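So you can see what is in the structure, the chains are spelled out below.
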Amino acid sequence: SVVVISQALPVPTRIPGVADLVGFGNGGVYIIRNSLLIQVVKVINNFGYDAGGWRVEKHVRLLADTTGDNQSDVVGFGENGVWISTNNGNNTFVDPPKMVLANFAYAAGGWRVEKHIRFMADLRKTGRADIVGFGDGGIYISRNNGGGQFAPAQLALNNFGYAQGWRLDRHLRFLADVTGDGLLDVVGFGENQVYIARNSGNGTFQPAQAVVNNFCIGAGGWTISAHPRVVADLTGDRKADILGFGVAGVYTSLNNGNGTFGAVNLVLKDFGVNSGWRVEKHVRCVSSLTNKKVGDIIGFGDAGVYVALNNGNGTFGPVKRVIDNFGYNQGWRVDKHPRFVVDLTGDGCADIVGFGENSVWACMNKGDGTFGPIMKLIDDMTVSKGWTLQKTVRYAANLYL
Ligand SMILES: [Ca+2]
Ligand SMILES: [Ca+2]
Ligand SMILES: [Cl-]
């Protein structure tokens, strides 16, 4: 499906695609290129816990194409500014990184991981990722003007900021195209309403408008600790819908096609609190698993991975356990073992990857939402090889096409 940026998954992956694995480890940045040779390559002696002083609680580390050549660069929101290591095209990156803007940082603009959100996104159809932050006064953007030149930060909209009452412990903020013009709009699950703000394509967003009185902490009792929510295309028209894992199960509100939204319906009595799903034990994702290229539901539960396939119209088929692994009963832990649903094979049907206690493992989609056997990738980038979730960042990312 289509480009959505969320707090949980700030580095989108392509469908179809052959995603790479990237690790910000103790010693710097390491990649596992998706290829016939599976190996770890150290590419930058920076952006690491010891190699550079990078901290999850102070800094943000992402991958984004900042030049327009469809190669992803490493972008870090560091201590005193934004630092970028560009992709050299050959599984190497520039080192040291370049400081492109003294803003959006812990000691340049007072940015705080616990109050603010920092993304990279092509907001103006230039082919290059601009810097986008949900800061104190609103949403701020720094335009990527090319050749590493980022312009001084401009206020894009005086909303969705900490000053307006937006809180990471209560609310959710996304970027997603809800209108179909290819521009990423803001979607914010506020106190009482889901709000959208249309991207005008010029570095600003239009005034926020409420679309749904549900999916929020004050409207339906949706909490961060218990009820995950996503935005995703559930019908194939490339416009994002709203999906939440609530108490009884999965609730949706479908986009009418113009950024207006339908009623909230319970579409599947599974994957919710009443079926025993718990944010601290389980992982719940929406990704395309089939040739319909719509959002299907994937849950890493107790006994393994469970999937319900979208019929193509936002209704769902039966829940099936597709692999007896990657689950809580197999020792997988949200606090220790990152798990992703991403295309690793290029067929457009997302696959599973997880960074286990000892090894990285994958399980490949057969093409129809059913899965093959578990496969070992490599014995690195794991707990026992010195990667603790709290001192490292790991992503699936398309470094190259
Ligand atoms: Ca749009
Ligand atoms: Ca695949
Ligand atoms: Cl710095």
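- Structure determination for this entry is recorded as X-ray crystallography, at 1.50 Å resolution.

## A short note on the pairing of strand β24 (residues 316-323)
So, point 1. Pairing analysis gives five bridges linking strand β23 (residues 305-310) to β24, with the strands arranged antiparallel. Across the sheet, residue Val 305 finds its bridge partner in β24, namely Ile 323.
So, point 2. The loop that links β23 with its antiparallel partner β24 comprises five residues; one of these, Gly 312, has a positive phi angle of about 115°.

## Concerning the sheet that holds strand β4 (residues 41-44)
So, point 1. Spatially, the four strands line up as an open sheet ordered β4-β3-β2-β29, and their pairing is antiparallel. Bordering the open sheet on either side are β4 and β29 (393-397), each of which pairs with just one other strand. On average, each strand axis in the sheet is tilted by 25° relative to the strand beside it, whichever way the strands run.
So, point 2. Two elements, strand β2 (residues 20-25) and β29, share five bridges in a ladder whose sense is antiparallel. Counted as the bridge partner of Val 22 is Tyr 395 from β29.

## As for the state of the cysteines
So, point 1. Using the criterion set out here, one finds zero disulfides in the structure.
So, point 2. No disulfide involves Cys 285; its nearest neighbouring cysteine sulfur is the one of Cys 363, lying 14 Å away.
So, point 3. Residue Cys 363 stays outside any disulfide, its sulfur separated by 13 Å from that of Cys 349, the closest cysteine.

## Concerning the coordination of the calcium ion (ligand 1)
So, point 1. At the metal site, the calcium ion (ligand 1) is ligated by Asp 177 (OD), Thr 179 (OG1), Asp 181 (OD), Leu 183 (O), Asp 185 (OD) and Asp 185 (OD), and these contacts range over 2.5 to 3.1 Å.
So, point 2. Considering all six donor atoms around the calcium ion (ligand 1), the spread of angles at the metal, 44 to 172°, places the coordination shape in the irregular class.

## Focus on the coordination of the calcium ion (ligand 2)
So, point 1. Bound to the calcium ion (ligand 2) on the protein side are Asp 343 (OD), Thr 345 (OG1), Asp 347 (OD), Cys 349 (O), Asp 351 (OD) and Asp 351 (OD), at distances that span 2.3 to 2.7 Å.
So, point 2. Angles of 50 to 165° at the metal separate the six donor atoms of the calcium ion (ligand 2), which places the site in the irregular class.
So, point 3. All donors to the calcium ion (ligand 2) come from one chain, and their sequence spacing reads D-x1-T-x1-D-x1-C-x1-D.
So, point 4. Among the residues examined, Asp 343 registers a relative accessible area of 1% and is labelled buried.
So, point 5. Given the relative accessible area of 0%, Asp 351 is considered buried.

So, how was this worked out
- Residues numbered from 1 in each chain as written, not as in the entry; some residues may be left out.
- Chains lettered and ligands numbered in written order.
- Heavy atoms only, no water.
- Pairing = 2+ DSSP bridges.
- Helix = DSSP H or I, 4+ residues; strand = E, 2+ residues; numbered from the N terminus.
- Axes fitted to C-alpha atoms, helices over the stretch in contact; angles between N-to-C directions.
- Disulfide = S-S within 2.5 Å.
- Donors = N, O, S within 2.8 Å, 3.2 Å for Na, K, Ca; no water.
- Tetrahedral: all angles 85-135°; square planar, octahedral: opposite > 155°, others 65-115°.
- Buried < 20%, exposed > 50% of the residue type's maximum accessible area, 1.4 Å probe, protein only.

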